[PDB]
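start.txt follows (compact mmCIF, C-alpha atoms and all ligand atoms):
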```
# COMPACT_ATOMS: atom_id res chain seq x y z
CA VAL A 70 -22.93 51.51 34.24
CA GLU A 71 -21.53 54.38 32.13
CA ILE A 72 -18.29 53.24 30.47
CA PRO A 73 -15.54 55.88 30.43
CA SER A 74 -13.82 56.63 27.04
CA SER A 75 -10.57 55.23 28.58
CA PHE A 76 -9.71 52.93 31.48
CA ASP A 77 -6.45 51.64 32.89
CA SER A 78 -6.56 48.98 35.64
CA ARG A 79 -3.06 50.22 36.76
CA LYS A 80 -4.60 53.64 37.60
CA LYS A 81 -7.81 52.35 39.29
CA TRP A 82 -6.01 49.85 41.60
CA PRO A 83 -2.42 51.10 42.03
CA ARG A 84 -1.91 49.26 45.37
CA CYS A 85 -2.20 45.99 43.38
CA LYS A 86 1.44 45.73 42.20
CA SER A 87 0.79 42.67 39.96
CA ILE A 88 -1.35 44.82 37.58
CA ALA A 89 1.73 46.83 36.35
CA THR A 90 4.09 43.78 36.35
CA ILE A 91 5.15 42.47 32.89
CA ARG A 92 6.29 38.82 32.96
CA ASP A 93 8.26 36.69 30.49
CA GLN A 94 7.07 33.16 29.52
CA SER A 95 10.63 32.51 28.17
CA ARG A 96 11.23 29.57 25.66
CA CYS A 97 7.83 27.98 26.47
CA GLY A 98 4.30 28.11 24.96
CA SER A 99 3.00 28.89 28.48
CA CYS A 100 1.12 32.09 27.38
CA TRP A 101 -2.19 30.42 28.48
CA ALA A 102 -0.78 30.02 32.06
CA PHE A 103 0.81 33.54 32.17
CA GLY A 104 -2.41 35.39 31.12
CA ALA A 105 -4.21 33.26 33.78
CA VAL A 106 -1.86 33.72 36.79
CA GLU A 107 -1.41 37.46 35.92
CA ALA A 108 -5.16 38.18 35.81
CA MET A 109 -5.76 35.92 38.90
CA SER A 110 -3.00 37.82 40.82
CA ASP A 111 -4.66 41.12 39.83
CA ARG A 112 -8.21 39.98 40.67
CA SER A 113 -7.16 38.31 43.98
CA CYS A 114 -5.74 41.73 45.09
CA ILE A 115 -8.55 43.89 43.63
CA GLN A 116 -11.45 41.72 44.98
CA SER A 117 -9.83 41.38 48.49
CA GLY A 118 -9.30 45.20 48.80
CA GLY A 119 -5.48 44.58 48.72
CA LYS A 120 -5.42 41.86 51.40
CA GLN A 121 -4.26 39.13 48.90
CA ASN A 122 -1.31 41.10 47.32
CA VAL A 123 0.70 38.25 45.70
CA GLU A 124 2.36 37.09 42.48
CA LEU A 125 0.87 33.68 41.57
CA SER A 126 3.20 30.92 40.26
CA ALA A 127 3.08 30.42 36.44
CA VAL A 128 5.08 27.14 36.85
CA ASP A 129 2.59 25.70 39.44
CA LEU A 130 -0.34 26.05 36.97
CA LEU A 131 1.80 25.19 33.86
CA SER A 132 3.33 22.02 35.47
CA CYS A 133 0.38 20.73 37.57
CA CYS A 134 -2.90 21.32 35.62
CA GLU A 135 -3.81 17.90 34.05
CA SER A 136 -6.77 19.34 31.99
CA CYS A 137 -5.15 22.57 30.64
CA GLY A 138 -3.40 20.99 27.56
CA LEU A 139 0.31 20.30 26.71
CA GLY A 140 2.26 22.57 29.15
CA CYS A 141 5.08 24.35 27.21
CA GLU A 142 3.40 23.08 23.95
CA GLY A 143 0.28 25.23 24.59
CA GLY A 144 -2.93 25.20 26.59
CA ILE A 145 -6.65 26.05 27.04
CA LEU A 146 -8.10 28.96 29.17
CA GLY A 147 -11.27 27.46 30.70
CA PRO A 148 -9.47 24.64 32.54
CA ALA A 149 -6.76 27.05 33.80
CA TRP A 150 -9.44 29.15 35.62
CA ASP A 151 -11.15 25.90 36.84
CA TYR A 152 -7.78 24.74 38.30
CA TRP A 153 -7.56 28.07 40.20
CA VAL A 154 -11.09 27.52 41.58
CA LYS A 155 -10.65 23.83 42.44
CA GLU A 156 -6.94 23.33 43.46
CA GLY A 157 -5.67 26.92 43.64
CA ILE A 158 -2.21 28.22 42.69
CA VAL A 159 0.80 28.93 44.96
CA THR A 160 2.96 32.09 44.85
CA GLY A 161 6.05 32.55 42.72
CA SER A 162 7.90 35.36 40.97
CA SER A 163 10.19 35.47 37.89
CA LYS A 164 13.41 33.38 37.82
CA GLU A 165 15.56 36.50 38.51
CA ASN A 166 13.41 37.67 41.54
CA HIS A 167 13.35 34.00 42.84
CA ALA A 168 10.61 34.95 45.37
CA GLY A 169 7.52 33.04 46.63
CA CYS A 170 6.83 29.28 46.79
CA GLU A 171 7.60 28.36 43.11
CA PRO A 172 9.40 30.96 41.03
CA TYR A 173 9.58 30.47 37.26
CA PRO A 174 12.48 28.16 36.21
CA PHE A 175 13.15 29.85 32.82
CA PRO A 176 15.11 33.06 32.03
CA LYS A 177 13.98 36.22 30.17
CA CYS A 178 14.59 36.12 26.37
CA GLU A 179 13.63 38.36 23.38
CA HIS A 180 10.49 37.21 21.50
CA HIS A 181 11.30 38.17 17.84
CA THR A 182 12.34 41.74 18.81
CA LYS A 183 15.56 43.65 19.64
CA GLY A 184 16.78 44.33 23.18
CA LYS A 185 19.03 43.49 26.10
CA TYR A 186 18.02 39.81 26.71
CA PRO A 187 19.28 36.76 24.75
CA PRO A 188 17.02 35.81 21.81
CA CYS A 189 14.35 33.19 22.68
CA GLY A 190 15.09 31.36 19.39
CA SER A 191 12.90 28.53 17.97
CA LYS A 192 13.48 25.67 20.53
CA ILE A 193 11.19 25.33 23.61
CA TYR A 194 12.00 23.79 27.02
CA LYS A 195 10.39 20.59 28.25
CA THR A 196 7.39 21.27 30.52
CA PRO A 197 8.65 21.34 34.16
CA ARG A 198 7.43 18.53 36.44
CA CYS A 199 4.71 19.24 39.04
CA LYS A 200 7.08 19.37 42.12
CA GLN A 201 4.59 20.59 44.82
CA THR A 202 7.55 21.90 46.88
CA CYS A 203 8.28 25.50 47.96
CA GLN A 204 11.87 26.77 47.51
CA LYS A 205 13.99 26.12 50.66
CA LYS A 206 13.96 29.83 51.80
CA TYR A 207 10.13 30.01 51.69
CA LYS A 208 8.63 28.93 55.02
CA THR A 209 5.04 28.04 53.98
CA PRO A 210 4.40 24.45 52.83
CA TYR A 211 3.21 24.19 49.17
CA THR A 212 -0.41 23.18 49.98
CA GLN A 213 -0.75 26.05 52.57
CA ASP A 214 0.42 28.64 50.00
CA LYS A 215 -2.55 27.86 47.63
CA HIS A 216 -4.74 30.82 46.54
CA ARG A 217 -8.19 29.77 45.19
CA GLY A 218 -10.99 31.35 43.26
CA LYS A 219 -14.72 30.89 43.85
CA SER A 220 -16.01 31.10 40.25
CA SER A 221 -14.71 31.12 36.65
CA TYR A 222 -16.60 32.09 33.52
CA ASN A 223 -16.35 33.01 29.88
CA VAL A 224 -17.22 36.66 29.21
CA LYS A 225 -19.83 37.48 26.51
CA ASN A 226 -18.38 38.32 23.04
CA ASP A 227 -19.64 41.92 23.46
CA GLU A 228 -17.35 45.02 23.74
CA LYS A 229 -19.44 46.73 26.48
CA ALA A 230 -19.79 43.47 28.51
CA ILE A 231 -15.96 43.08 28.45
CA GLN A 232 -15.43 46.76 29.45
CA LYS A 233 -17.89 46.39 32.36
CA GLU A 234 -16.24 43.12 33.54
CA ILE A 235 -12.74 44.74 33.53
CA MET A 236 -13.76 47.98 35.25
CA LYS A 237 -15.81 46.21 37.99
CA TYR A 238 -13.80 42.99 38.70
CA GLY A 239 -10.34 43.58 37.11
CA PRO A 240 -8.12 42.51 34.17
CA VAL A 241 -9.29 39.47 32.13
CA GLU A 242 -7.46 36.77 30.18
CA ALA A 243 -8.17 36.73 26.43
CA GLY A 244 -7.13 34.61 23.44
CA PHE A 245 -6.53 35.91 19.91
CA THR A 246 -5.23 34.65 16.56
CA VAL A 247 -1.52 35.44 15.96
CA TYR A 248 -0.67 36.34 12.33
CA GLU A 249 2.98 36.74 11.23
CA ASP A 250 2.78 40.58 11.28
CA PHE A 251 2.11 40.50 15.09
CA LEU A 252 5.79 39.46 15.46
CA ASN A 253 6.83 42.78 13.79
CA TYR A 254 4.82 44.84 16.35
CA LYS A 255 6.92 47.66 17.89
CA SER A 256 4.25 50.21 18.95
CA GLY A 257 0.84 51.69 18.20
CA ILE A 258 -2.57 50.10 17.53
CA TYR A 259 -2.17 46.58 16.08
CA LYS A 260 -4.46 45.17 13.41
CA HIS A 261 -3.84 42.14 11.13
CA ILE A 262 -2.64 43.51 7.73
CA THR A 263 -0.16 40.87 6.43
CA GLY A 264 0.95 37.32 7.11
CA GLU A 265 -0.51 33.85 7.68
CA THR A 266 -1.69 32.39 11.00
CA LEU A 267 0.95 31.18 13.52
CA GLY A 268 -1.69 29.92 15.96
CA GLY A 269 -3.15 31.36 19.16
CA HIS A 270 -1.83 33.63 21.93
CA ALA A 271 -3.32 34.32 25.41
CA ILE A 272 -2.82 37.77 27.00
CA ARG A 273 -4.20 40.04 29.75
CA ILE A 274 -6.56 42.94 28.88
CA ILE A 275 -6.13 45.73 31.50
CA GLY A 276 -8.11 48.53 29.85
CA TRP A 277 -9.03 50.54 26.76
CA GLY A 278 -8.71 53.93 25.16
CA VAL A 279 -8.93 55.87 21.92
CA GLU A 280 -6.24 57.70 19.96
CA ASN A 281 -6.88 59.84 16.82
CA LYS A 282 -10.50 58.45 16.95
CA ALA A 283 -9.20 54.81 16.83
CA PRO A 284 -10.59 52.68 19.72
CA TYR A 285 -8.19 50.11 21.26
CA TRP A 286 -7.77 47.57 24.00
CA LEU A 287 -4.71 47.99 26.28
CA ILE A 288 -3.04 44.59 26.77
CA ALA A 289 -0.16 43.19 28.83
CA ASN A 290 1.91 40.67 26.84
CA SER A 291 4.15 38.07 28.63
CA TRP A 292 7.27 38.68 26.39
CA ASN A 293 9.14 41.01 28.89
CA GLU A 294 9.36 44.84 28.94
CA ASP A 295 11.53 45.16 25.76
CA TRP A 296 8.64 43.83 23.63
CA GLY A 297 6.11 46.38 22.26
CA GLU A 298 5.20 49.42 24.45
CA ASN A 299 7.31 48.55 27.58
CA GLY A 300 5.72 45.01 27.44
CA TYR A 301 2.17 46.18 26.47
CA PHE A 302 0.38 46.50 23.14
CA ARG A 303 -2.79 48.08 21.86
CA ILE A 304 -5.17 46.38 19.39
CA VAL A 305 -8.23 47.67 17.51
CA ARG A 306 -11.35 47.46 19.74
CA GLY A 307 -14.99 46.79 18.69
CA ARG A 308 -14.61 44.65 15.49
CA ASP A 309 -13.46 41.34 17.06
CA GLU A 310 -9.97 41.93 15.57
CA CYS A 311 -8.11 38.56 15.52
CA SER A 312 -11.03 37.19 17.67
CA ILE A 313 -9.85 39.40 20.64
CA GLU A 314 -13.46 39.85 21.93
CA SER A 315 -14.42 36.14 21.50
CA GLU A 316 -12.13 34.15 23.91
CA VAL A 317 -12.31 36.27 27.10
CA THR A 318 -12.18 34.26 30.39
CA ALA A 319 -11.99 35.37 34.05
CA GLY A 320 -13.23 34.57 37.52
CA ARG A 321 -13.76 35.92 41.03
CA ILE A 322 -12.55 35.05 44.56
CA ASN A 323 -16.05 35.79 46.00
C1 LIG B 1 1.38 30.79 23.72
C2 LIG B 1 1.61 31.69 22.47
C3 LIG B 1 3.08 31.52 22.12
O1 LIG B 1 3.85 30.95 22.90
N1 LIG B 1 3.60 32.05 20.98
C4 LIG B 1 2.96 32.78 19.92
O2 LIG B 1 1.76 32.97 19.87
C5 LIG B 1 4.00 33.19 18.97
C6 LIG B 1 5.21 32.78 19.47
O3 LIG B 1 6.46 32.89 18.99
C7 LIG B 1 7.52 33.36 19.86
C8 LIG B 1 5.07 32.04 20.79
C9 LIG B 1 5.87 30.69 20.74
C10 LIG B 1 5.28 29.29 20.56
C11 LIG B 1 5.73 28.27 21.45
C12 LIG B 1 5.26 26.94 21.36
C13 LIG B 1 4.34 26.60 20.37
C14 LIG B 1 3.90 27.60 19.48
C15 LIG B 1 4.37 28.92 19.56
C16 LIG B 1 0.87 29.36 23.34
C17 LIG B 1 1.75 28.57 22.34
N2 LIG B 1 -0.51 29.41 22.83
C18 LIG B 1 -1.52 28.69 23.38
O4 LIG B 1 -1.39 27.95 24.35
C19 LIG B 1 -2.96 28.85 22.81
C20 LIG B 1 -3.76 29.71 23.79
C21 LIG B 1 -5.19 30.00 23.35
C22 LIG B 1 -5.30 31.07 22.25
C23 LIG B 1 -6.04 30.35 24.59
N3 LIG B 1 -3.54 27.54 22.51
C24 LIG B 1 -3.03 26.71 21.58
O5 LIG B 1 -2.05 27.05 20.88
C25 LIG B 1 -3.66 25.31 21.48
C26 LIG B 1 -2.99 24.37 22.48
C27 LIG B 1 -3.51 22.92 22.49
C28 LIG B 1 -5.04 22.80 22.49
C29 LIG B 1 -2.93 22.17 23.69
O6 LIG B 1 -3.45 24.75 20.13
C30 LIG B 1 -3.81 25.42 18.99
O7 LIG B 1 -4.50 26.44 19.01
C31 LIG B 1 -3.24 24.73 17.69
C32 LIG B 1 -1.73 24.37 17.83
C33 LIG B 1 -1.42 23.04 18.51
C34 LIG B 1 -2.06 21.84 18.14
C35 LIG B 1 -1.75 20.62 18.77
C36 LIG B 1 -0.78 20.58 19.79
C37 LIG B 1 -0.14 21.77 20.17
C38 LIG B 1 -0.45 22.99 19.54
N4 LIG B 1 -3.57 25.46 16.42
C39 LIG B 1 -3.37 24.75 15.14
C40 LIG B 1 -3.28 26.90 16.32
NA NA B 2 9.78 47.84 23.01
```

Just give me the structure of the file as structure tokens.
Amino acid sequence: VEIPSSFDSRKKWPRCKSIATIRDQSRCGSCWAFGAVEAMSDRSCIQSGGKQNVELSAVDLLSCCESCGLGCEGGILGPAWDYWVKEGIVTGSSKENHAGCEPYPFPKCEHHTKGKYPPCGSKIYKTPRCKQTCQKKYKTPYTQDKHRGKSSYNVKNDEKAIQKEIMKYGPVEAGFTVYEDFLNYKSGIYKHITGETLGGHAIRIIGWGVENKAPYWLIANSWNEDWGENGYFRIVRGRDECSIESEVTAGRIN
């Protein structure tokens, strides 16, 4: 396949409303579960030609996956996509939308940036319990609201392989190393210049582009719309910046 010089999943599949939705993980290390349910929502819609047009529940995966790690204390991508294949994930919107089977219990907060939400601060919530119960107004039983995948895989640590995966099958989840300067990001094309490691972050890659000859990935963060470029950031593409090309995971419904 010829790879275009830029690609935006939001523009290829505009009927799939999840693709342009920015979420907020709140005071919780649930990034691993947000990048997962976001990319699964997108891919469920894209691969079903818009038939499965849903917002999958971050709290269902976060609270119920026994193999994914430590809930609000952080997690692992492979087992999140295996959970989607094996048990599936119910629907559920943000806390403020309170739509679907299991909406997120935690409110929007600012992640080391200025804006109109309360600051996240340094304390995290306890991981919610696995309740397996749809909100009272939702009239599908929990187990009947499950959306499943067929396959999950790691994507090759190769720029062109990742571009082909995104443009054919949809946004992907990806891990990268967070250095302190990432917390100062306001706009433009991120690269690590200053600061020590703060650990790992999991995000959603939706496309790519080039500006002033600088190639980038276009990424949806889960820190609400006030963070970065209306909730998005760009990061140098092609040099495995912060290991962005080395921890890509996704999956298919068919
Ligand atoms: C999401 C990322 C996140 O919440 N972050 C940041 O990256 C920067 C932040 O500051 C606002 C937030 C807040 C934060 C909240 C709780 C803890 C730490 C920071 C989460 C935390 N990241 C992950 O889940 C990560 C995803 C990968 C890249 C796919 N994985 C991990 O962090 C693993 C989780 C274990 C295996 C369960 O752990 C590590 O990578 C460890 C840290 C660790 C070790 C033992 C128990 C818990 C965490 N490393 C030493 C980096
Ligand atoms: Na901003």

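Shortest atom-to-atom contact with residue 100 (chain A) among A:242, A:165, A:179, A:171: A:242, counting only C-alpha atoms.
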
Two-atom distance - CA of residue 111 (chain A), CA of residue 322 (chain A) (Å): 11.0 Å

Quote the spacing between CA of residue 146 (chain A) and CA of residue 103 (chain A) in Å to one decimal place. 10.5 Å

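Residues in contact with ligand LIG 1 (chain B) (atom pairs separated by at most 7 Å; all atoms listed in the file) are residues 97, 98, 99, 100, 101, 138, 139, 141, 142, 143, 144, 145, 146, 180, 181, 193, 243, 244, 245, 246, 247, 267, 268, 269, 270 and 271 of chain A.
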
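Taking CA of residue 86 (chain A) and CA of residue 122 (chain A) as the two end points, the separation is 7.4 Å.
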
Just want the residues within 12 Å of ligand NA 2 (chain B), written as a PyMOL selection string, counting all atoms listed in the file. chain A and resi 179-185+252-257+290+292-302

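Shortest separation to residue 248 (chain A) among A:154, A:311, A:85, A:289 occurs at residue A:311, atoms counted being all atoms listed in the file.
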
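When all atoms listed in the file are used to measure the gap to residue 319 (chain A), the shortest distance among A:76, A:286, A:238, A:152 belongs to A:238.
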